[PDB]
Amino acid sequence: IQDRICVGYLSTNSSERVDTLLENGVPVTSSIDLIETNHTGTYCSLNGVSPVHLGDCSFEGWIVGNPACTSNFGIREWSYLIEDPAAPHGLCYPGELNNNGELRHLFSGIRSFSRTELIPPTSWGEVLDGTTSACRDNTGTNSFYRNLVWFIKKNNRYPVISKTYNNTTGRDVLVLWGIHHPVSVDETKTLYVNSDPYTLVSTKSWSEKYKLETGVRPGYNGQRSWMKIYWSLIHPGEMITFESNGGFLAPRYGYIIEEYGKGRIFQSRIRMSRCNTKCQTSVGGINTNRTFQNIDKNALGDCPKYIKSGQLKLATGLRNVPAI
């Protein structure tokens, strides 16, 4: 026979298959995966920034400073929050935090955080500091919320106290105050002397006047009255004044915050860890260069897009057709 030259192409040992628009299960010499399916299964630091575990406290109890919670005095920043859905501790004294949904959203993640003293606890005037057996501290002593001070009558008299805060920080400042609603006009008399007390809170943009709503609530922890805690974000250069003659939980500590609402409040019962990823899910951390993922719709950070799909194989080689 003669000299001969042939053109041909690659064949291999593969069960590798891809789907095309026109055909299912086409054998190919090589392919890659587009969807990320592997995660750490743990809570990780997010792009260098550690989260904050709330331990046995709910977010509410954490933010007001429930003495049973670990203090947030030393925190500087968090990428996200870890909260136990069945956390035992919250507002230790029977009460409610007003507009807590918005607050949760705004504290989901904050790049610059630091607690600060708005107004000195003794700078208020002639009043005492009230504690309660509902808010016991680490020891067992009666106490109260770190961020609020329960002012009561001193020497059978409750004077009209009035202080104001000036936002000089150059950043947004979260202020917290509260209103205590006693079980009866009798208790408000015992605690605040004045009948029908009031609290007036104002800025140069809004102004609220609070009166007491006496009655017996089916509370918890032994008390039967009710507390309503409010909050407001004071902007740089703004000022908020508090005036009261009873039933007032005064602001002591506030929070200086910058770049916030950048997080998430995960409630997943998975473990925290030393790892670091660019994408955290409620199921684990994800570190990948792939741009898709089918692990969990609840994800935060520089994440691949979550999609509802099985693995997607992109063909790189050619059709794998066996040797003649």
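Throughout, we count residues from 1 along the sequence that is shown.
Looking at 277-285 and 61-69 together, the entry lists the larger mean B-factor for 61-69, computed on C-alpha atoms. Taking the PDB entry as given, 9-17 carries the higher mean Cα B factor of the two stretches 307-315 and 9-17.
Highest C-alpha temperature factor among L174, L97, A86, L249 per the entry: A86. In the deposited coordinates, the residue among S207, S108, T199, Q223 with the greatest CA B-factor is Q223. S79: CA B factor in the lowest third of modelled residues in this chain (values from the PDB entry). Per the PDB record, residue ranking by Cα B-factor puts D33 in the lowest third of the chain.
When the modelled residues of the chain are ordered by C-alpha B-factor, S232 sits in the lowest third. In this PDB entry, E213 carries a Cα temperature factor that places it within the middle third of its chain's modelled residues. Ranked by Cα temperature factor within the chain, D296 sits in the lowest third according to the deposited record.
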